[PDB]
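Asker: here come the first chain(s), positioned as in the complex:
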Amino acid sequence: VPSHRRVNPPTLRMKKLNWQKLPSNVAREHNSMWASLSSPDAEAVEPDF
């Protein structure tokens, strides 16, 4: 379930945080943390956008 990807668009312009983006197939492996975080039963913390 793509809970973290469901981000509303904001109306203003934002400073871009720099990192190195992982590939989607690498993050969605069975023993990665990101697939376990992709579960709907995971504790989704909502940030104040």
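Answerer: All right, it came through fine. Residues are numbered from 1 along each chain as shown, chains lettered A, B, ... in the order given.
Asker: how about the helices in chain A?
Answerer: With DSSP state H as the criterion, chain A has helices at A:24-27, A:33-37.
Asker: just put those in JSON lines and tack on distance to residue A:10.
Answerer: In this view, the C-beta of every residue, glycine as well, is placed from N, C-alpha and C. Output for those, formatted as JSON lines (distance: least, C-beta to C-beta, whole Å):
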{"stretch": "helix A:24-27", "distance to residue A:10": "24"}
{"stretch": "helix A:33-37", "distance to residue A:10": "23"}
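Asker: who wins for proximity to residue A:3 among those?
Answerer: Closest approach to residue A:3 among the helices of chain A (C-beta to C-beta): helix A:33-37, 8.6 Å.
Asker: residues touching residue A:39, list them.
Answerer: Residue A:39 is in contact with residue A:1, counting by C-beta atoms under 8 Å, 6 or more residues apart in numbering.
Asker: measure it to residue A:6 for me?
Answerer: In this view, residue A:39 and residue A:6 are 15 Å apart by C-beta to C-beta, to the nearest Å.
Asker: residue most distant from the centroid, chain A?
Answerer: Note on chain A: the largest C-alpha distance from the chain mean falls to residue A:12, namely 20.7 Å (C-alpha atoms, centre = their mean).
Asker: gap between that one and residue A:37?
Answerer: 28 Å.
Asker: now residue A:1
Answerer: Counting by C-beta to C-beta, the gap from residue A:1 to residue A:37 is 10 Å.
Asker: now swap in residue A:29 and tell me
Answerer: Distance of residue A:29 to residue A:37, computed by C-beta to C-beta: 12 Å.
Asker: same check on residue A:5?
Answerer: Distance from residue A:5 to residue A:37, by C-beta to C-beta: 12 Å.
Asker: out of residue A:29 and residue A:37, which sits in the busier spot?
Answerer: Higher neighbour count among residue A:29 and residue A:37: residue A:37, with 13 against 10, using other C-beta atoms under 10 Å.
Asker: that one contacts residue A:4, correct?
Answerer: Yes. When contacts are counted by C-beta atoms under 8 Å, residue A:37 is listed as touching residue A:4 (7.3 Å).
Asker: could you identify which of the helices of chain A is most buried?
Answerer: helix A:33-37 (a mean of 12; mean count of other C-beta atoms under 10 Å).
Asker: in contact with residue A:37: list those residues for me.
Answerer: Residues near residue A:37 by C-beta under 8 Å, 6+ apart: residue A:4.
Asker: distance check, it against residue A:49.
Answerer: With distances taken as C-beta to C-beta, residue A:37 is found 19 Å from residue A:49.
Asker: residue A:17 too?
Answerer: 14 Å.
Asker: for residue A:18, same thing?
Answerer: On the measure of C-beta to C-beta, residue A:18 and residue A:49 end up 20 Å apart.
Asker: could you do residue A:1 as well?
Answerer: 20 Å.
Asker: slot chain B in:
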Amino acid sequence: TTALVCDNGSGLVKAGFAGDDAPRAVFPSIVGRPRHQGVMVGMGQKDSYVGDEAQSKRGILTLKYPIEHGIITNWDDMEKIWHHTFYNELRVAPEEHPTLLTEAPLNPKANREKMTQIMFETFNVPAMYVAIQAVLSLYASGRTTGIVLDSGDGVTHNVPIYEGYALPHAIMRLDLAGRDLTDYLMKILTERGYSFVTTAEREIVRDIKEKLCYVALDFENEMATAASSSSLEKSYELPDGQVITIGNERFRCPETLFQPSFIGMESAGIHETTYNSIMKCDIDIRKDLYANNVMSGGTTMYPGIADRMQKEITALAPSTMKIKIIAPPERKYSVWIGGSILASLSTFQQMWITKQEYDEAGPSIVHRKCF
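Answerer: So that you can see how it sits with the rest, here is chain B on the chains above:
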């Protein structure tokens, strides 16, 4: 719209408006923090003095250099340096003026990432540019080709450029420049009984180095002349009124540039660095680099460095072709002058880095754009 040229060197930040000949704001890059206790309440006792204020009140200030060996180590200090050079020195809004900047060769990429992120998030500009210091020095020399020995305060790097192509493999770097000469001058002044241990005293010894030191044309003859006669002794007045007199230390201190075994480095002098840079080039283009030995940086301000440099290369290189040293009088600011040349060009409008390019491609388009 006038651009801004601001060489953020290791030694002194040199900034001013583009299209001009001289930088308006030359000031050393130090952040001074008070080490003692304040008792006098009021009158704007600000906790971190930057630039000329830190130079003037330096007797109660621990001084820190944000740029060490050509690498921006402390970042908040460098942000304070940029804030002082934009808001207090030039007194211009960054959001309405392009800002040219300079950089050392073989730099880390994340350094360029961080400088791009500061120049687009904190100090917002319409456009900016990062260039190699040797390339701008060659541009201010008026020649497209040549080899540049740029010796600043931390880095002495050799860069050969042929027809605008800066050869990457032939670039080398020697970590021996003006601050190391100042530390060695602190070490050898204790033989005469003068002690300089604090960072405030480093500016005094640096001023001694700037005012009195000179490159010997022959080292052993200057040893023989100094040991024989006391004619080359020169006196200097300290800020407290005391007068010292120095002898051979006027030319033992720049001789570290030719003999790094004084401070204990296995590498040879800048001549061997230049020569080994020359053999890394193609054999067709070596002839042009011999006649185009350009210097920049204030560590080349000693008034015996050109003839000694020509002697050292002519000893090193074969004597079949011509050796020539390009040493202009304004090669201290030739980085800034080359930036002012490059900023006001009609072609240079299409190599600017816009905010739209920043928003599309992160702080990472500087790698694929610039060399």
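Asker: from chain A, which residue is nearest to chain B?
Answerer: residue A:15 (4.8 Å; C-beta to the nearest C-beta).
Asker: residues in contact with that residue?
Answerer: residue B:121 (C-beta atoms under 8 Å, 6 or more residues apart in numbering or on different chains).
Asker: residue B:282 now?
Answerer: Residues in contact with residue B:282 (C-beta under 8 Å, 6+ apart) are residue B:162.
Asker: does it count as helix, strand or coil?
Answerer: The three-state label given to residue B:282 by DSSP: H, G, I helix; E, B strand; the rest coil is coil.
Asker: my guess is residue B:33 contacts residue B:48. True?
Answerer: Yes. Counting by C-beta under 8 Å, residue B:48 is a contact partner of residue B:33 at 5.6 Å.
Asker: which phi and psi does the residue of chain A closest to chain B have?
Answerer: As for residue A:15, its main-chain torsions (degrees, to the nearest 10) stand at phi -70, psi 130.
Asker: roughly how far apart are it and residue B:359?
Answerer: From residue A:15 across to residue B:359, the span is 10 Å (C-beta to C-beta).
Asker: which residues does residue B:236 bridge with?
Answerer: Beta-bridge partners for residue B:236, by DSSP bridges, are residue B:244.
Asker: that one: neighbour count?
Answerer: 14 (other C-beta atoms under 10 Å in any protein chain shown).
Asker: that one and residue B:245 touch, don't they?
Answerer: Yes. Residue B:236 is within contact range of residue B:245, at 7.5 Å (criterion: C-beta under 8 Å).
Asker: which residue does chain B bring closest to chain A?
Answerer: Taking C-beta to the nearest C-beta, chain B has residue B:121 as its residue nearest chain A, at 4.8 Å.
Asker: A strand includes that residue, no?
Answerer: No. Per three-state DSSP, residue B:121 lies outside any strand segment and is helix.
Asker: could you report the neighbour count for it?
Answerer: Neighbours of residue B:121 (other C-beta under 10 Å): 14.
Asker: then residue B:187?
Answerer: 13.
Asker: just residue A:48 next, same as before
Answerer: 3.
Asker: any chance you could map the strands in the stretch 1-150 of chain B?
Answerer: B:4-8, B:12-17, B:25-28, B:31-34, B:49-50, B:61-64, B:67-68, B:71-72, B:99-103, B:128-132, B:146-151 (DSSP state E, counting those that start in this stretch).
Asker: let me redo that: the stretch 251-371 of chain B
Answerer: Counting by DSSP E, counting those that start in this stretch, the strands of the stretch 251-371 of chain B are B:293-296, B:325-326.
Asker: what is the first one packed up against?
Answerer: Pointing back at strand B:293-296 there. Counting contacts by 3 or more C-beta pairs under 8 Å, 6 or more residues apart in numbering or on different chains; DSSP states H and E, strand B:293-296 is packed against helix B:133-140, strand B:146-151, helix B:305-316, strand B:325-326.
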